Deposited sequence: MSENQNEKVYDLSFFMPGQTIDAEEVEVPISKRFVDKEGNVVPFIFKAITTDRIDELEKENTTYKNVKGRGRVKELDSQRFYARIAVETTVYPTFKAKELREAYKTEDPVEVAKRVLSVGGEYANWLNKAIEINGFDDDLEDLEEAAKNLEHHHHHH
């Protein structure tokens, strides 16, 4: 019954969010309002290169952290400005120094994992 594939193509398939989430109340702007993090799922292809990139035996901790860094649009921990200021070229370390309250860091990770449709 000739199947209609237009729905699974770019000129159509609704695209992934850009979800704002207030990961921490310690980040505020000039007007005292919380600055939420902006997340946006990465691609399945990309999650694949990351897995490969962290396997030898997979470093999950590292794997997930890298996913979170890339799923996080604002702030992006790869930004030169953040690497400079926090004095580390490791975007995952930048994240640990920025989300310096345990719970925030754990929450950020999970939101990212969630934003990518996992569980």
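Trainee: Which ranges of the deposited chain go unmodelled, in order along the sequence?
Mentor: According to the record, the gaps fall at 1-7, 64-74, 138-157.
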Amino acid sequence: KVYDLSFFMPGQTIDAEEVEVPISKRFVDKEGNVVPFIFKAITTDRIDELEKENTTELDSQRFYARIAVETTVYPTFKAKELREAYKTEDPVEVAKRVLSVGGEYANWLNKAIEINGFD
From here on, numbers count along this sequence of modelled residues.
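Trainee: I need to verify one thing: averaged over C-alpha atoms only, is the B-factor higher for 40-48 or for 68-76?
Mentor: That would be 40-48.
Trainee: Do the CA atoms of 106-114 or those of 92-100 have the higher mean B-factor in the entry?
Mentor: Going by the record's values, the stretch with the higher mean is 106-114.
Trainee: Per the entry's values, where does residue 82 land by CA temperature factor relative to the rest of its chain, in the lowest, middle or highest third?
Mentor: Lowest third - that is where residue 82 ends up once the chain's C-alpha B-factors are sorted.
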